[PDB]
């Protein structure tokens, strides 16, 4: 197997008997394909849906201690035939260091800029299951499509609505992050029927000033990580409270440090697990748009 990526070409094992994954989501792609990794990146350490699939494949979860950074000794100790990194933020040196252990399936373009469909495409190809990658993508799309046609009143409230995904901190509202269309969590919203406003363009996210906030003023609905005081807080903000979607209360707050929060960057396993919960949260927010 030949694989082209941001760092060149990778000769991969057609039948990898031992699979390691790093970064976010990559393990879910392997797992959704019936492969239990010999080790995958510990999450901030396993999400409910990742555990559910591991159990269903009669496996156990082996975790790399990837919090402070890549654990090169851990990945090496698991003895992989392939390292899945289709969605990751690896640097040129990361790729080189990792390549001394096993062939690496890196992202195609730039760090942290891989849509959930491409993540499957790269990770499945690196496992010698490119055709099965097609089916996984199709099955995942079917799950999304049948959820929206299943609840036409939620579909009706959210379709056509312009949306921005943000990271806002109540501690500091002078600066906040906007996720771009190259970000998997933002682009996922377009799979749901939402659209991007005219003020979005590259990177996966960009810092913006609250003065530049009137550029985000053409969004119908806003999504951000937060808590039960987030919306009330943003409405109280001298500048951010003047924004359309915030003023209207059309803000979808994803509870920070919950499984729902992690699923925002979608995998076929996470989508299958949290889409009802995610649509319900979006549905109510878009009611205020």
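Residue numbers count along the first chain shown, from 1.
Undergrad: Note how many residues of the deposited chain are left out of the model between residue 201 and residue 202; the options are none, 1 to 3, 4 to 9, and 10 or more.
TA: Count of unmodelled residues in between: 4 to 9.
Undergrad: What does the record say about the segment between residue 44 and residue 45: how many deposited residues are without coordinates (none, 1 to 3, 4 to 9, 10 or more)?
TA: 4 to 9 residues are missing.
Undergrad: Going by the B-factors listed in the PDB entry, is the mean over the C-alpha atoms higher for 166-174 or for 94-102?
TA: Stretch with the greater average CA B-factor: 166-174.
Undergrad: Taking only the CA atoms, which stretch has the higher mean B-factor in the record, 122-130 or 148-156?
TA: The entry gives the higher C-alpha B-factor average to 148-156.
Undergrad: In terms of CA temperature factor as recorded, identify the highest of 183, 81, 191, 73.
TA: The C-alpha B-factor peaks, among 183, 81, 191, 73, at 73.
Undergrad: Divide the modelled residues of the chain into thirds by Cα B-factor and specify which third, lowest, middle or highest, holds residue 60.
TA: Ranked within chain, residue 60 CA B lands in the middle tercile.
Undergrad: Is residue 271 in the lowest, middle or highest third of its chain when residues are ranked by C-alpha B-factor?
TA: Answer is lowest: the recorded C-alpha B-factor places it there.
Undergrad: Looking at the temperature factor on the CA atom of residue 48, which third of the chain's modelled residues does it land in?
TA: It falls in the bottom third of the chain.
Undergrad: Can you work out whether the C-alpha temperature factor of residue 227 puts it in the lowest, middle or highest third of the chain?
TA: Middle third by C-alpha B-factor.
Undergrad: When the deposited Cα B-factors of this chain's modelled residues are ordered and cut into thirds, is residue 195 in the lowest, the middle or the highest one?
TA: CA B-factor rank for residue 195: middle third.
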